[PDB]
Amino acid sequence: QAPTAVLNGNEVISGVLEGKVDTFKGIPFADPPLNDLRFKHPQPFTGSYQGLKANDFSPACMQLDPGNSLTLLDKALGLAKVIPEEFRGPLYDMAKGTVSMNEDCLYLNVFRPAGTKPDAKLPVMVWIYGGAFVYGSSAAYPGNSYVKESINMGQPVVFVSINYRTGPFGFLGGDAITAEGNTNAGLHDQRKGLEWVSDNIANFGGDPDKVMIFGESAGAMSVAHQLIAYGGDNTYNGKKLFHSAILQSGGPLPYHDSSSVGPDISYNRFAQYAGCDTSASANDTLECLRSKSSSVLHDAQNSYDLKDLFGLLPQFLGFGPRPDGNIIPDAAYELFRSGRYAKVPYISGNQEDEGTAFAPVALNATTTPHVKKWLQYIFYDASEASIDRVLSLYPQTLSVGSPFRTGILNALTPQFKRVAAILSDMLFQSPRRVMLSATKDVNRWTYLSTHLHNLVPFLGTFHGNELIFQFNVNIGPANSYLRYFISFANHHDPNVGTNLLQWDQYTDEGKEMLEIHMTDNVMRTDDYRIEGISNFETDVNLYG
Ligand SMILES: *[C@@H]1O[C@H](CO)[C@@H](O[C@@H]2O[C@H](CO)[C@@H](O)[C@H](O)[C@H]2NC(C)=O)[C@H](O)[C@H]1NC(C)=O
Ligand SMILES: *[C@@H]1O[C@H](CO)[C@@H](O)[C@H](O)[C@H]1NC(C)=O
Ligand SMILES: *[C@H]1O[C@H](CO)[C@@H](O)[C@H](O)[C@H]1NC(C)=O
């Protein structure tokens, strides 16, 4: 029997019973962003839900193939040699998929315990993806393991995943988009999905007054931008859109302006790869981009990734959230430090070796001059003095680079461990500490995951790896990532009924941090590489 829910008082949608979980997949929350609506803010859904058979995932939004990155990594270090088969199988499974990709992709999915009734008021967990090596948008993140575990725990939740536009489709900047007021469209997509949840989740048995948003990599960077959206106003028609958050390996971005990697403006490069004439006026280039087929814009996006992000650099360094004076009113770091953020409790953490999967971009660097040149490209407006100070704080000494704590092993090149440490701390660890020290009036918890230490040559406990334990095979540290986060969605404290180590909250006095291992966890403090990370937190002259 198909489970049902009724929206707008009388429109009945049906889902699919999958074991003991009811699923409703492919629910539209905005009108399709096609033709004249390409690159514009999401428009209200003007259709009908009546008779919708929400029985399969919608198309994924336009994105790059993970194969680009996985093949470069494989060329650089031989993934089948370094990653144990039990983790490698899952990792490649999340990088492929049966869903198509299409610009018509603004849909969400609801997962709940079978037989939940609309009056149940179950806590809601809303997942926002952003995995560097994952294909499929929400289709790669089924909520069944989270829902099944919350039932076993006696703490049932509703899980929701939302699609949003990434890349140039969701974050095309430039003067024409600014003049239209259509900046940061992908962030507005997420916010519209959250409005849909506030208005409609009670019909599925969820509680609109207890919503947790969480995500990983660009999804955690998105959650951090939702916390400072409109200077911390997370209300919609008087109601708070979310009440707690978890950020897995991502935080605010250090930009104070719409900058991107390298010597050229990202808009200009993409327009050029799409075959538009970049000497025409701003409005004419945007009109040209709105006339191209999706395959042409897809090839153009692929060329920007391979040529300008070198197939590996985090996508938000090219097309991503930037200050626009409206949904992001000022630089993200400054909004957190002036208290202009939503006052909700959160968990923020990192994998030990966040930078190792990105370090192969600088594989040809053997000397400090070579590393300086790569850093001058990625951070093109950085002052030379600021770069020189980073290079003195992160030396080429093999034992202090990343994979961390591995001595003289894993030195793929003379500079690989150094570049992996710099990218780790600049892009992931410093953003986490900017939030933890700025948000002193909310409860917060932080973690370091070291569970693959010494099991994966050259990569260590790398960026994006923990997603296989949350969404694919529930082995290794899966119980920590499932149960602490279910407890947090229910009680805004990770320690209720987990049967796991007590995780003490982070305080400014003790800087308490959970360290997650393969089978056990231990408490530690967030005390490592203080000088190096602190400099990234405070040197504004690095960023552009
Ligand atoms: C490492 O590779 C990069 C990318 O090919 C080289 O940098 C380029 O060098 C040419 C000539 O100086 C410039 O026109 C490019 O614009 C540079 N691009 C970047 C991203 O820096 C770099 O010279 C190589 N380093 C070594 C030691 O060979
Ligand atoms: C460009 O488009 C904007 C927003 O649609 C409009 O207000 C402006 O007049 C246009 N300007 C030119 C020079 O075409
Ligand atoms: C939709 O139909 C099912 C019967 O399969 C029923 O249990 C459910 O209550 C209906 N939905 C609502 C919200 O009435």
# chains A, B, ... in the order shown; residues from 1 in each chain; ligands from 1

call {"tool": "residues_around", "arguments": {"residues": "residue 492 (chain A)", "least_positions_apart": "2", "cutoff": "12 Å", "atoms": "only C-alpha atoms", "output": "PyMOL selection string"}}
result
chain A and resi 123+125+210-212+242-246+344-347+442-445+484-490+494-496+505

call {"tool": "select_by_dssp", "arguments": {"residues": "region 31-206 of chain A", "states": "helix (DSSP H, G or I)", "output": "number ranges by chain"}}
result
A: 35-37, 66-77, 79-82, 85-94, 137-140, 144-152, 167-171, 175-180, 185-204

call {"tool": "select_by_dssp", "arguments": {"residues": "region 29-253 of chain A", "states": "strand (DSSP E)", "output": "PDB file with N, CA, C and O atoms, in the first residue's frame"}}
result
ATOM      1  N   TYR A 107      13.547  19.701  -6.787  1.00  0.00           N
ATOM      2  CA  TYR A 107      12.669  18.781  -6.076  1.00  0.00           C
ATOM      3  C   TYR A 107      13.302  18.369  -4.743  1.00  0.00           C
ATOM      4  O   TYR A 107      14.525  18.518  -4.568  1.00  0.00           O
ATOM      5  N   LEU A 108      12.481  17.909  -3.796  1.00  0.00           N
ATOM      6  CA  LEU A 108      12.958  17.419  -2.504  1.00  0.00           C
ATOM      7  C   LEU A 108      12.326  16.063  -2.215  1.00  0.00           C
ATOM      8  O   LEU A 108      11.441  15.594  -2.974  1.00  0.00           O
ATOM      9  N   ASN A 109      12.764  15.395  -1.129  1.00  0.00           N
ATOM     10  CA  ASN A 109      12.371  14.017  -0.810  1.00  0.00           C
ATOM     11  C   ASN A 109      12.132  13.937   0.679  1.00  0.00           C
ATOM     12  O   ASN A 109      12.856  14.604   1.437  1.00  0.00           O
ATOM     13  N   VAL A 110      11.153  13.122   1.134  1.00  0.00           N
ATOM     14  CA  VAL A 110      10.817  12.997   2.551  1.00  0.00           C
ATOM     15  C   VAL A 110      10.878  11.509   2.883  1.00  0.00           C
ATOM     16  O   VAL A 110      10.409  10.684   2.076  1.00  0.00           O
ATOM     17  N   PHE A 111      11.534  11.171   4.006  1.00  0.00           N
ATOM     18  CA  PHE A 111      11.683   9.797   4.465  1.00  0.00           C
ATOM     19  C   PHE A 111      11.191   9.765   5.892  1.00  0.00           C
ATOM     20  O   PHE A 111      11.512  10.662   6.689  1.00  0.00           O
ATOM     21  N   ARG A 112      10.345   8.814   6.275  1.00  0.00           N
ATOM     22  CA  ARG A 112       9.828   8.806   7.634  1.00  0.00           C
ATOM     23  C   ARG A 112       9.540   7.357   8.064  1.00  0.00           C
ATOM     24  O   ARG A 112       9.488   6.482   7.188  1.00  0.00           O
ATOM     25  N   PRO A 113       9.375   7.005   9.346  1.00  0.00           N
ATOM     26  CA  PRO A 113       9.012   5.665   9.805  1.00  0.00           C
ATOM     27  C   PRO A 113       7.676   5.286   9.176  1.00  0.00           C
ATOM     28  O   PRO A 113       6.750   6.117   9.163  1.00  0.00           O
ATOM     29  N   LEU A 122       7.415  14.563  14.771  1.00  0.00           N
ATOM     30  CA  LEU A 122       8.763  14.022  14.849  1.00  0.00           C
ATOM     31  C   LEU A 122       9.784  15.114  14.483  1.00  0.00           C
ATOM     32  O   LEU A 122       9.533  15.892  13.549  1.00  0.00           O
ATOM     33  N   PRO A 123      10.949  15.208  15.151  1.00  0.00           N
ATOM     34  CA  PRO A 123      12.043  16.107  14.765  1.00  0.00           C
ATOM     35  C   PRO A 123      12.451  15.863  13.323  1.00  0.00           C
ATOM     36  O   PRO A 123      12.438  14.724  12.833  1.00  0.00           O
ATOM     37  N   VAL A 124      12.793  16.923  12.606  1.00  0.00           N
ATOM     38  CA  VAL A 124      13.108  16.852  11.184  1.00  0.00           C
ATOM     39  C   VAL A 124      14.604  17.074  10.971  1.00  0.00           C
ATOM     40  O   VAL A 124      15.135  18.018  11.559  1.00  0.00           O
ATOM     41  N   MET A 125      15.278  16.263  10.169  1.00  0.00           N
ATOM     42  CA  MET A 125      16.684  16.436   9.832  1.00  0.00           C
ATOM     43  C   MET A 125      16.683  16.810   8.351  1.00  0.00           C
ATOM     44  O   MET A 125      16.173  16.032   7.535  1.00  0.00           O
ATOM     45  N   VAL A 126      17.226  17.943   7.928  1.00  0.00           N
ATOM     46  CA  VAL A 126      17.219  18.350   6.525  1.00  0.00           C
ATOM     47  C   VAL A 126      18.650  18.310   6.020  1.00  0.00           C
ATOM     48  O   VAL A 126      19.464  19.099   6.512  1.00  0.00           O
ATOM     49  N   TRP A 127      18.946  17.424   5.076  1.00  0.00           N
ATOM     50  CA  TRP A 127      20.270  17.250   4.503  1.00  0.00           C
ATOM     51  C   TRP A 127      20.470  18.148   3.297  1.00  0.00           C
ATOM     52  O   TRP A 127      19.614  18.201   2.402  1.00  0.00           O
ATOM     53  N   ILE A 128      21.614  18.851   3.241  1.00  0.00           N
ATOM     54  CA  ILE A 128      21.981  19.695   2.100  1.00  0.00           C
ATOM     55  C   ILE A 128      23.309  19.131   1.613  1.00  0.00           C
ATOM     56  O   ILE A 128      24.336  19.219   2.310  1.00  0.00           O
ATOM     57  N   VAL A 158      12.002  12.461  10.900  1.00  0.00           N
ATOM     58  CA  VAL A 158      11.677  12.559   9.501  1.00  0.00           C
ATOM     59  C   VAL A 158      12.963  13.051   8.840  1.00  0.00           C
ATOM     60  O   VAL A 158      13.572  13.995   9.361  1.00  0.00           O
ATOM     61  N   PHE A 159      13.415  12.496   7.729  1.00  0.00           N
ATOM     62  CA  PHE A 159      14.604  12.977   7.050  1.00  0.00           C
ATOM     63  C   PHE A 159      14.162  13.675   5.751  1.00  0.00           C
ATOM     64  O   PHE A 159      13.392  13.087   4.991  1.00  0.00           O
ATOM     65  N   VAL A 160      14.668  14.847   5.384  1.00  0.00           N
ATOM     66  CA  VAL A 160      14.311  15.509   4.123  1.00  0.00           C
ATOM     67  C   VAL A 160      15.599  15.809   3.350  1.00  0.00           C
ATOM     68  O   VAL A 160      16.565  16.271   3.986  1.00  0.00           O
ATOM     69  N   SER A 161      15.712  15.590   2.050  1.00  0.00           N
ATOM     70  CA  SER A 161      16.877  16.054   1.321  1.00  0.00           C
ATOM     71  C   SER A 161      16.368  16.997   0.231  1.00  0.00           C
ATOM     72  O   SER A 161      15.260  16.788  -0.284  1.00  0.00           O
ATOM     73  N   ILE A 162      17.122  18.045  -0.101  1.00  0.00           N
ATOM     74  CA  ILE A 162      16.676  19.094  -1.018  1.00  0.00           C
ATOM     75  C   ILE A 162      17.694  19.231  -2.149  1.00  0.00           C
ATOM     76  O   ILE A 162      18.902  19.170  -1.881  1.00  0.00           O
ATOM     77  N   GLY A 206       6.063  15.489  10.616  1.00  0.00           N
ATOM     78  CA  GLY A 206       7.239  16.164  11.123  1.00  0.00           C
ATOM     79  C   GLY A 206       6.846  17.380  11.940  1.00  0.00           C
ATOM     80  O   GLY A 206       5.741  17.922  11.812  1.00  0.00           O
ATOM     81  N   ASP A 207       7.755  17.844  12.779  1.00  0.00           N
ATOM     82  CA  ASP A 207       7.545  19.009  13.598  1.00  0.00           C
ATOM     83  C   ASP A 207       8.212  20.233  12.948  1.00  0.00           C
ATOM     84  O   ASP A 207       9.443  20.341  13.047  1.00  0.00           O
ATOM     85  N   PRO A 208       7.497  21.231  12.377  1.00  0.00           N
ATOM     86  CA  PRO A 208       8.089  22.465  11.842  1.00  0.00           C
ATOM     87  C   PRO A 208       8.829  23.325  12.879  1.00  0.00           C
ATOM     88  O   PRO A 208       9.586  24.249  12.567  1.00  0.00           O
ATOM     89  N   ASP A 209       8.608  23.041  14.167  1.00  0.00           N
ATOM     90  CA  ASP A 209       9.288  23.723  15.241  1.00  0.00           C
ATOM     91  C   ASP A 209      10.525  22.996  15.755  1.00  0.00           C
ATOM     92  O   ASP A 209      11.137  23.439  16.727  1.00  0.00           O
ATOM     93  N   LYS A 210      10.973  21.932  15.109  1.00  0.00           N
ATOM     94  CA  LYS A 210      12.218  21.317  15.518  1.00  0.00           C
ATOM     95  C   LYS A 210      12.867  20.769  14.251  1.00  0.00           C
ATOM     96  O   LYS A 210      12.786  19.595  13.902  1.00  0.00           O
ATOM     97  N   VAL A 211      13.593  21.661  13.569  1.00  0.00           N
ATOM     98  CA  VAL A 211      14.192  21.316  12.278  1.00  0.00           C
ATOM     99  C   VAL A 211      15.705  21.524  12.425  1.00  0.00           C
ATOM    100  O   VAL A 211      16.125  22.568  12.944  1.00  0.00           O
ATOM    101  N   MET A 212      16.488  20.539  12.014  1.00  0.00           N
ATOM    102  CA  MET A 212      17.942  20.605  12.066  1.00  0.00           C
ATOM    103  C   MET A 212      18.435  20.622  10.625  1.00  0.00           C
ATOM    104  O   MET A 212      17.981  19.808   9.820  1.00  0.00           O
ATOM    105  N   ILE A 213      19.315  21.526  10.203  1.00  0.00           N
ATOM    106  CA  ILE A 213      19.854  21.461   8.852  1.00  0.00           C
ATOM    107  C   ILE A 213      21.294  20.955   8.985  1.00  0.00           C
ATOM    108  O   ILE A 213      22.001  21.329   9.935  1.00  0.00           O
ATOM    109  N   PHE A 214      21.746  20.097   8.098  1.00  0.00           N
ATOM    110  CA  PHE A 214      23.111  19.610   8.154  1.00  0.00           C
ATOM    111  C   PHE A 214      23.581  19.244   6.771  1.00  0.00           C
ATOM    112  O   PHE A 214      22.778  19.048   5.850  1.00  0.00           O
ATOM    113  N   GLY A 215      24.892  19.180   6.568  1.00  0.00           N
ATOM    114  CA  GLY A 215      25.414  18.855   5.264  1.00  0.00           C
ATOM    115  C   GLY A 215      26.924  18.724   5.377  1.00  0.00           C
ATOM    116  O   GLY A 215      27.494  18.975   6.444  1.00  0.00           O
ATOM    117  N   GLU A 216      27.523  18.341   4.263  1.00  0.00           N
ATOM    118  CA  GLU A 216      28.961  18.076   4.216  1.00  0.00           C
ATOM    119  C   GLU A 216      29.597  18.780   3.016  1.00  0.00           C
ATOM    120  O   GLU A 216      28.982  18.875   1.941  1.00  0.00           O
ATOM    121  N   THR A 235      13.988  33.736   9.840  1.00  0.00           N
ATOM    122  CA  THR A 235      12.546  33.630  10.016  1.00  0.00           C
ATOM    123  C   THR A 235      11.867  33.739   8.657  1.00  0.00           C
ATOM    124  O   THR A 235      12.392  34.347   7.701  1.00  0.00           O
ATOM    125  N   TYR A 236      10.691  33.133   8.554  1.00  0.00           N
ATOM    126  CA  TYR A 236       9.881  33.148   7.353  1.00  0.00           C
ATOM    127  C   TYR A 236       8.474  33.333   7.890  1.00  0.00           C
ATOM    128  O   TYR A 236       8.001  32.495   8.655  1.00  0.00           O
ATOM    129  N   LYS A 239       7.978  32.670  11.538  1.00  0.00           N
ATOM    130  CA  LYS A 239       8.456  31.396  12.051  1.00  0.00           C
ATOM    131  C   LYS A 239       9.941  31.129  11.788  1.00  0.00           C
ATOM    132  O   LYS A 239      10.451  31.443  10.713  1.00  0.00           O
ATOM    133  N   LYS A 240      10.678  30.571  12.747  1.00  0.00           N
ATOM    134  CA  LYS A 240      12.070  30.172  12.509  1.00  0.00           C
ATOM    135  C   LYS A 240      12.090  28.967  11.588  1.00  0.00           C
ATOM    136  O   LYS A 240      11.361  27.988  11.813  1.00  0.00           O
ATOM    137  N   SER A 244      18.647  24.136  14.797  1.00  0.00           N
ATOM    138  CA  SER A 244      19.973  23.633  15.152  1.00  0.00           C
ATOM    139  C   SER A 244      20.657  23.272  13.838  1.00  0.00           C
ATOM    140  O   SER A 244      19.998  23.196  12.781  1.00  0.00           O
ATOM    141  N   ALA A 245      21.971  23.031  13.831  1.00  0.00           N
ATOM    142  CA  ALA A 245      22.662  22.735  12.594  1.00  0.00           C
ATOM    143  C   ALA A 245      23.863  21.827  12.834  1.00  0.00           C
ATOM    144  O   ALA A 245      24.353  21.763  13.974  1.00  0.00           O
ATOM    145  N   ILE A 246      24.283  21.040  11.855  1.00  0.00           N
ATOM    146  CA  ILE A 246      25.513  20.271  11.946  1.00  0.00           C
ATOM    147  C   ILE A 246      26.305  20.550  10.667  1.00  0.00           C
ATOM    148  O   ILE A 246      25.779  20.504   9.543  1.00  0.00           O
ATOM    149  N   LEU A 247      27.598  20.834  10.781  1.00  0.00           N
ATOM    150  CA  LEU A 247      28.412  21.154   9.630  1.00  0.00           C
ATOM    151  C   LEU A 247      29.555  20.147   9.597  1.00  0.00           C
ATOM    152  O   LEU A 247      30.396  20.092  10.512  1.00  0.00           O
ATOM    153  N   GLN A 248      29.538  19.314   8.567  1.00  0.00           N
ATOM    154  CA  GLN A 248      30.539  18.299   8.355  1.00  0.00           C
ATOM    155  C   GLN A 248      31.542  18.829   7.341  1.00  0.00           C
ATOM    156  O   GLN A 248      31.270  18.926   6.135  1.00  0.00           O
TER     157      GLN A 248
END

call {"tool": "atom_distance", "arguments": {"atom1": "CA of residue 468 (chain A)", "atom2": "CA of residue 116 (chain A)"}}
result
27.5 Å

call {"tool": "residues_around", "arguments": {"residues": "residue 9 (chain A)", "least_positions_apart": "6", "cutoff": "12 Å", "atoms": "only C-alpha atoms", "output": "list in words"}}
result
residues 49, 50, 199, 200, 202 and 203 of chain A

call {"tool": "write_last_selection", "arguments": {"atoms": "C-alpha atoms", "output": "PDB file, in the first residue's frame"}}
result
ATOM      1  CA  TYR A  49       0.388  18.228  -6.162  1.00  0.00           C
ATOM      2  CA  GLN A  50      -2.901  16.270  -6.627  1.00  0.00           C
ATOM      3  CA  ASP A 199       4.799  25.120   5.496  1.00  0.00           C
ATOM      4  CA  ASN A 200       4.267  21.450   4.693  1.00  0.00           C
ATOM      5  CA  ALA A 202       3.524  18.696   9.505  1.00  0.00           C
ATOM      6  CA  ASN A 203       1.429  16.860   6.849  1.00  0.00           C
TER       7      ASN A 203
END

call {"tool": "residues_near_ligand", "arguments": {"ligand": "ligand 2", "cutoff": "8 Å", "atoms": "only C-alpha atoms and all ligand atoms", "output": "list in words"}}
result
residues 176, 177, 179, 180, 181, 281, 282, 283 and 284 of chain A

call {"tool": "write_last_selection", "arguments": {"atoms": "N, CA and C atoms", "output": "mmCIF file, in the first residue's frame"}}
result
data_model
loop_
_atom_site.group_PDB
_atom_site.id
_atom_site.type_symbol
_atom_site.label_atom_id
_atom_site.label_comp_id
_atom_site.auth_asym_id
_atom_site.auth_seq_id
_atom_site.Cartn_x
_atom_site.Cartn_y
_atom_site.Cartn_z
ATOM 1 N N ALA A 176 25.350 41.694 -14.924
ATOM 2 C CA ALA A 176 23.978 41.592 -15.380
ATOM 3 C C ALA A 176 23.130 40.904 -14.320
ATOM 4 N N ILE A 177 23.628 39.818 -13.729
ATOM 5 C CA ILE A 177 22.921 39.129 -12.649
ATOM 6 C C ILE A 177 22.753 40.066 -11.466
ATOM 7 N N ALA A 179 22.517 43.390 -11.479
ATOM 8 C CA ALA A 179 21.516 44.370 -11.853
ATOM 9 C C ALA A 179 20.117 43.747 -11.778
ATOM 10 N N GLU A 180 19.938 42.490 -12.201
ATOM 11 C CA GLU A 180 18.638 41.829 -12.037
ATOM 12 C C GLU A 180 18.296 41.518 -10.593
ATOM 13 N N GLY A 181 19.255 41.511 -9.672
ATOM 14 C CA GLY A 181 18.998 41.099 -8.308
ATOM 15 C C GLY A 181 18.961 39.568 -8.164
ATOM 16 N N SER A 281 28.072 43.740 -24.386
ATOM 17 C CA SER A 281 27.702 44.300 -23.106
ATOM 18 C C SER A 281 27.333 43.182 -22.128
ATOM 19 N N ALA A 282 27.285 43.512 -20.844
ATOM 20 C CA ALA A 282 26.940 42.554 -19.803
ATOM 21 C C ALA A 282 25.570 41.941 -20.072
ATOM 22 N N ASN A 283 24.532 42.734 -20.375
ATOM 23 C CA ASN A 283 23.202 42.188 -20.623
ATOM 24 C C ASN A 283 23.201 41.284 -21.835
ATOM 25 N N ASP A 284 23.977 41.616 -22.861
ATOM 26 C CA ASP A 284 24.030 40.773 -24.020
ATOM 27 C C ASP A 284 24.731 39.477 -23.740
#

call {"tool": "atom_distance", "arguments": {"atom1": "CA of residue 19 (chain A)", "atom2": "CA of residue 193 (chain A)"}}
result
26.6 Å

call {"tool": "residues_around", "arguments": {"residues": "residue 26 (chain A)", "least_positions_apart": "2", "cutoff": "10 Å", "atoms": "only C-alpha atoms", "output": "list in words"}}
result
residues 15, 23, 24, 28, 29, 52, 53, 54, 55, 56, 57, 58, 59, 105, 106, 107, 108, 109, 110, 138, 139, 162 and 163 of chain A

call {"tool": "closest_atom_pairs", "arguments": {"of": "chain A", "to": "ligand 1", "cutoff": "6 Å", "atoms": "only C-alpha atoms and all ligand atoms", "output": "JSON lines"}}
result
{"residue": "A:364", "atom": "CA", "partner": "ligand 1", "partner_atom_place_in_ligand_line": "1 (C)", "distance": 5.0}
{"residue": "A:365", "atom": "CA", "partner": "ligand 1", "partner_atom_place_in_ligand_line": "27 (C)", "distance": 5.0}
{"residue": "A:370", "atom": "CA", "partner": "ligand 1", "partner_atom_place_in_ligand_line": "27 (C)", "distance": 5.4}
{"residue": "A:373", "atom": "CA", "partner": "ligand 1", "partner_atom_place_in_ligand_line": "21 (O)", "distance": 5.8}
{"residue": "A:374", "atom": "CA", "partner": "ligand 1", "partner_atom_place_in_ligand_line": "21 (O)", "distance": 5.4}
{"residue": "A:377", "atom": "CA", "partner": "ligand 1", "partner_atom_place_in_ligand_line": "20 (C)", "distance": 5.6}

call {"tool": "write_last_selection", "arguments": {"atoms": "C-alpha atoms", "output": "compact mmCIF listing (two decimals), in the first residue's frame"}}
result
# COMPACT_ATOMS: atom_id res chain seq x y z
CA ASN A 364 54.65 19.37 -10.00
CA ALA A 365 55.91 21.55 -7.17
CA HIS A 370 56.79 26.45 -6.87
CA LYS A 373 53.27 30.26 -7.40
CA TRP A 374 50.38 27.78 -6.90
CA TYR A 377 47.04 31.43 -8.46

call {"tool": "residues_around", "arguments": {"residues": "region 295-298 of chain A", "least_positions_apart": "3", "cutoff": "12 Å", "atoms": "only C-alpha atoms", "output": "PDB file with C-alpha atoms, in the first residue's frame"}}
result
ATOM      1  CA  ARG A  38      17.742  30.156 -16.028  1.00  0.00           C
ATOM      2  CA  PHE A  39      20.108  31.757 -13.443  1.00  0.00           C
ATOM      3  CA  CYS A  61      20.936  19.345 -10.924  1.00  0.00           C
ATOM      4  CA  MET A  62      23.644  19.999 -13.555  1.00  0.00           C
ATOM      5  CA  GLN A  63      27.001  19.101 -12.103  1.00  0.00           C
ATOM      6  CA  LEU A  64      30.357  17.729 -13.013  1.00  0.00           C
ATOM      7  CA  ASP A  65      31.122  14.035 -13.114  1.00  0.00           C
ATOM      8  CA  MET A 101      20.930  15.331 -14.613  1.00  0.00           C
ATOM      9  CA  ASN A 102      18.763  18.129 -15.878  1.00  0.00           C
ATOM     10  CA  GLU A 103      18.181  21.812 -15.211  1.00  0.00           C
ATOM     11  CA  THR A 166      25.390  24.493  -7.975  1.00  0.00           C
ATOM     12  CA  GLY A 167      28.117  25.823 -10.224  1.00  0.00           C
ATOM     13  CA  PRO A 168      27.323  28.542 -12.790  1.00  0.00           C
ATOM     14  CA  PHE A 169      23.649  27.455 -12.814  1.00  0.00           C
ATOM     15  CA  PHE A 270      32.396  30.493 -18.512  1.00  0.00           C
ATOM     16  CA  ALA A 271      30.866  32.856 -21.109  1.00  0.00           C
ATOM     17  CA  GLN A 272      33.924  32.313 -23.273  1.00  0.00           C
ATOM     18  CA  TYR A 273      33.746  28.517 -23.009  1.00  0.00           C
ATOM     19  CA  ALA A 274      30.028  28.633 -23.851  1.00  0.00           C
ATOM     20  CA  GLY A 275      30.868  30.393 -27.111  1.00  0.00           C
ATOM     21  CA  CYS A 276      29.481  33.804 -26.156  1.00  0.00           C
ATOM     22  CA  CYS A 288      23.611  34.713 -24.981  1.00  0.00           C
ATOM     23  CA  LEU A 289      24.084  32.340 -22.013  1.00  0.00           C
ATOM     24  CA  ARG A 290      20.302  32.041 -21.575  1.00  0.00           C
ATOM     25  CA  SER A 291      19.992  30.996 -25.251  1.00  0.00           C
ATOM     26  CA  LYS A 292      22.518  28.111 -25.176  1.00  0.00           C
ATOM     27  CA  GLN A 301      31.100  24.067 -16.915  1.00  0.00           C
ATOM     28  CA  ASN A 302      33.267  20.997 -17.493  1.00  0.00           C
ATOM     29  CA  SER A 303      35.952  23.127 -19.220  1.00  0.00           C
ATOM     30  CA  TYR A 304      35.980  25.597 -16.287  1.00  0.00           C
ATOM     31  CA  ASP A 305      36.407  22.668 -13.860  1.00  0.00           C
TER      32      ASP A 305
END

call {"tool": "atom_distance", "arguments": {"atom1": "atom 6 (C, counted along the ligand's line) of ligand 3", "atom2": "CA of residue 117 (chain A)"}}
result
8.3 Å

call {"tool": "residues_near_ligand", "arguments": {"ligand": "ligand 3", "cutoff": "8 Å", "atoms": "only C-alpha atoms and all ligand atoms", "output": "ChimeraX atom specification"}}
result
/A:1-6,12-14,115,117-118,203-204

call {"tool": "residues_around", "arguments": {"residues": "residue 381 (chain A)", "least_positions_apart": "5", "cutoff": "9 Å", "atoms": "only C-alpha atoms", "output": "number ranges by chain"}}
result
A: 259, 262-263, 376, 541-544

call {"tool": "write_last_selection", "arguments": {"atoms": "N, CA and C atoms", "output": "PDB file, in the first residue's frame"}}
result
ATOM      1  N   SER A 259      35.255  37.203  -5.542  1.00  0.00           N
ATOM      2  CA  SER A 259      36.449  36.755  -6.239  1.00  0.00           C
ATOM      3  C   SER A 259      36.416  35.265  -6.550  1.00  0.00           C
ATOM      4  N   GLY A 262      42.354  32.222  -9.712  1.00  0.00           N
ATOM      5  CA  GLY A 262      43.066  32.639 -10.893  1.00  0.00           C
ATOM      6  C   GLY A 262      42.928  34.086 -11.340  1.00  0.00           C
ATOM      7  N   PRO A 263      43.597  34.406 -12.452  1.00  0.00           N
ATOM      8  CA  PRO A 263      43.656  35.744 -13.018  1.00  0.00           C
ATOM      9  C   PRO A 263      42.402  36.319 -13.653  1.00  0.00           C
ATOM     10  N   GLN A 376      49.671  31.698  -5.194  1.00  0.00           N
ATOM     11  CA  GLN A 376      49.395  32.978  -5.844  1.00  0.00           C
ATOM     12  C   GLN A 376      48.318  32.852  -6.918  1.00  0.00           C
ATOM     13  N   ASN A 541      44.423  40.039   4.401  1.00  0.00           N
ATOM     14  CA  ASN A 541      45.177  40.290   3.176  1.00  0.00           C
ATOM     15  C   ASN A 541      45.477  39.062   2.344  1.00  0.00           C
ATOM     16  N   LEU A 542      45.097  37.887   2.837  1.00  0.00           N
ATOM     17  CA  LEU A 542      45.211  36.669   2.057  1.00  0.00           C
ATOM     18  C   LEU A 542      44.072  36.552   1.071  1.00  0.00           C
ATOM     19  N   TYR A 543      42.968  37.179   1.439  1.00  0.00           N
ATOM     20  CA  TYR A 543      41.787  36.900   0.697  1.00  0.00           C
ATOM     21  C   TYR A 543      41.347  38.045  -0.158  1.00  0.00           C
ATOM     22  N   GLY A 544      41.160  37.367  -1.259  1.00  0.00           N
ATOM     23  CA  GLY A 544      40.635  37.861  -2.502  1.00  0.00           C
ATOM     24  C   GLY A 544      40.380  36.522  -3.220  1.00  0.00           C
TER      25      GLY A 544
END

call {"tool": "residues_around", "arguments": {"residues": "residue 31 (chain A)", "least_positions_apart": "3", "cutoff": "9 Å", "atoms": "only C-alpha atoms", "output": "number ranges by chain"}}
result
A: 28, 34, 42-47, 104, 106

call {"tool": "closest_residue", "arguments": {"among": "A:460, A:66, A:143, A:395", "to": "residue 97 (chain A)", "atoms": "only C-alpha atoms"}}
result
A:66

call {"tool": "closest_residue", "arguments": {"among": "A:480, A:258, A:538, A:144", "to": "residue 518 (chain A)", "atoms": "only C-alpha atoms"}}
result
A:480
